[PDB]
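One chain is shown next in C-alpha cells, namely the form deposited without its partner chain.
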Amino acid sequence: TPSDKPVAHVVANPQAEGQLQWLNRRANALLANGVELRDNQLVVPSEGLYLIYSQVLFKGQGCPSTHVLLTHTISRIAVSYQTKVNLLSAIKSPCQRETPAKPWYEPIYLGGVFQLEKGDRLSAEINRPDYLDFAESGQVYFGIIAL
C-alpha cells in the first residue's frame, strides 16, 4: 500500500547550463501525492509541517580578481501573500585569498521544517548559475517531505 504523503525530489536540468531549472521529468526525480512543479516552483498540495531540503554544488577553476559570493535561498510564496519570503538561506566565499589555479568545490546545503499552507509555492535559487556544477547527476536537488 503506497504512502499518501506529499513528497517531491526534483533535480537541476543538466542541459540548461547557465540556469537552474528544476525537473521532475528526469531519472530518479519525482513528484508524489499532489505535489506539482509549476514555473520552476514546487506547489504544496495540502497544509502541514514539511521538511524542505536542497543542495547545490558550486565549482570554479582558481580565484578571480573580483570577490565571489555564492548564495542559495529557499523562498515561500503564499497564496495570501504572493511575495518571496525567505525560509532558508546561506552564503559562502569560496576564495578567502585570491590566486597570486586550483579547482574549488563548494556545496551549499539547506534544510529545515516549516509549516506550509495549501497552494504555497517554493522556490530554490542561486545568485551565480554560471558557477553551478550539475553535469554529473545527484549534485543539485530540491525536495520536500510532509511530516
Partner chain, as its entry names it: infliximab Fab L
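Residue numbers count along the first chain shown, from 1. C-alpha atoms forming the largest set that superposes within 1.5 Å between two forms make up the rigid core.
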Discussion item. For the other entries of this protein included in the comparison (both sides of the residue modelled), is residue 101 absent in a third of them or more?
Written reply: yes
Practice prompt. Note whether residue 65 lacks coordinates in a third or more of the other compared entries that model its flanking residues.
Written response: yes
Worksheet item: Going by the B-factors listed in the PDB entry, is the mean over the C-alpha atoms higher for 49-57 or for 89-97?
Response: 89-97
Worksheet item: Can you tell me which stretch has the higher mean Cα B-factor, 32-40 or 61-69?
Response: 61-69
Worksheet item: residue 6: which third of its chain by C-alpha temperature factor?
Response: middle
Item to complete: Sort the modelled residues of this chain by their C-alpha B factor and say whether residue 132 lands in the lowest, middle or highest third.
Response: middle
Item to complete: Select lowest, middle or highest to describe the third in which the CA B-factor of residue 121 falls within its chain in this entry.
Response: middle
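Missing here is the form solved in complex with its partner chain; even so, the following discussion is about that form.
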Discussion item. Suppose contact means any heavy atom within 4.5 Å; which members of 66-80 contact its partner chain in the bound PDB entry?
Written reply: 67, 68, 69, 71
Item to complete: Of 86, 65, 93, 115, only one moves its C-alpha by 2 angstroms or more between this form and the one not shown once the rigid core is aligned, so tell me which.
Response: 65
Worksheet item: Under a superposition restricted to the rigid core, does residue 49 display a Cα displacement of 2 angstroms or more between this form and the one not shown?
Response: no
Fill in: Cα-Cα shift for residue 66 and residue 18, closer or farther in the bound PDB entry, minimum 3 Å
farther
